[PDB]
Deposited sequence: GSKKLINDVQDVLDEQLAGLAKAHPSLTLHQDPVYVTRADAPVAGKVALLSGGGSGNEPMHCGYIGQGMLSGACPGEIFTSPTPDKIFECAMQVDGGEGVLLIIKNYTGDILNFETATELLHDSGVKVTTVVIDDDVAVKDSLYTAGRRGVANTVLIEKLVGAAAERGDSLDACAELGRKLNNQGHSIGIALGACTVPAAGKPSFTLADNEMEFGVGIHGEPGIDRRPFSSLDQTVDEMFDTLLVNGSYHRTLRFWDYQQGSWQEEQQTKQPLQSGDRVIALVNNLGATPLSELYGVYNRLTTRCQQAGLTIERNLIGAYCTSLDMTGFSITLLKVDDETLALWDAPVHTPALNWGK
């Protein structure tokens, strides 16, 4: 009942979104938007504003909330995708959770069989742990926000479904996150190091010394666990089947230009995030990493968890242009 109230609250607060019922999902009020690739994502509730706060021009066409930390069911994704298709196809952005993979796969196959041009982007940016509670491989966390915006800008520009997907998968290979918690959504002055956004265990528990030192070791870990080989699955709409792809991520390195997301996991004071950004900037400078753009705030939460995550995404000039492009969502608003 409280999930419904929250969803009705979102709809009343934002007349530019439409709350659908039977089954439940959220789209832009003007969807289907003709002439442009539609972008869709979704996942459990409890990560707000992800994803419902990112519905609007220059970002998501729609999103399908599940129950708390629980993948939406495939009827929500299918119907939402049908709702948002504007004749150019629908790109599904999927965080690497087993329930999310399972459910978005089911929908995608069926959408293709229903005549909708579709393909998929998997997000696996969390560098901490391989094969956590609900994940085969690495977890999909805050970098999803950054990809949704960048791919959103590409779609809004009028790039083909293939160009959008390719951009998303490439950005996926160059984004790197890690989170810490000081309290659950742990002993005294002890942090869960490398925590995930649905309450999952991290690398371990360790002492929390200071914000600066916590940041140093988060930063170091981005570098140390940066290298990553794995197989991902994507929908080939030409062949009309799942295709296994082997991709390797390279660590960030001196010379790289980055977007930095310093993200509140739920209950960290905002002053402290600037303290985190301050230390992050110093460590990037010393490594030869140039932070070109940043976001600081509550973008990918875990209910009321006390902690924060850091995300660094390699970018170029073309990507910065996509960053700087307009976006109009509840949670991210700039440009004309």
query	finding
Deposited-sequence stretches lacking C-alpha coordinates, listed in sequence order	1 to 10, 196 to 206
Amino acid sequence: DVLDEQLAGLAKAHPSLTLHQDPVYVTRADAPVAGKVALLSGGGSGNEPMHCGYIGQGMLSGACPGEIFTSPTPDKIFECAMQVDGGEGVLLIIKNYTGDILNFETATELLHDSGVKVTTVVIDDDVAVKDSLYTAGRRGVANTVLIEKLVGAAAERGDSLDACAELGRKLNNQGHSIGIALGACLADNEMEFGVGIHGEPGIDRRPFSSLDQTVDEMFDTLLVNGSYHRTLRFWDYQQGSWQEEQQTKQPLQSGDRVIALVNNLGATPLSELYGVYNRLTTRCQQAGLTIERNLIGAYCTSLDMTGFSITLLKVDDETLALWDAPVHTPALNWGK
From here on, numbers count along this sequence of modelled residues.
{"item": "Entry-level comparison of average CA B-factors, 225 to 233 and 173 to 181, reporting the higher stretch", "value": "225 to 233"}
{"item": "Mean C-alpha B-factor comparison - 190 to 198 and 262 to 270, higher one", "value": "190 to 198"}
{"item": "Out of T98, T248, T120, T106, highest CA B-factor residue", "value": "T248"}
{"item": "Residue with highest C-alpha B-factor in the PDB entry, from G168, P207, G152, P74", "value": "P207"}
{"item": "Ranked against its chain, the third holding the CA B-factor of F78", "value": "middle"}
{"item": "Third assignment of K12 from its chain's C-alpha B-factors", "value": "middle"}
{"item": "CA B-factor placement of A29, once the chain's modelled residues are sorted into thirds", "value": "highest"}
{"item": "CA B-factor ranking of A142, expressed as a third of its chain", "value": "lowest"}
{"item": "Record-listed C-alpha B factor of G288: chain third", "value": "middle"}
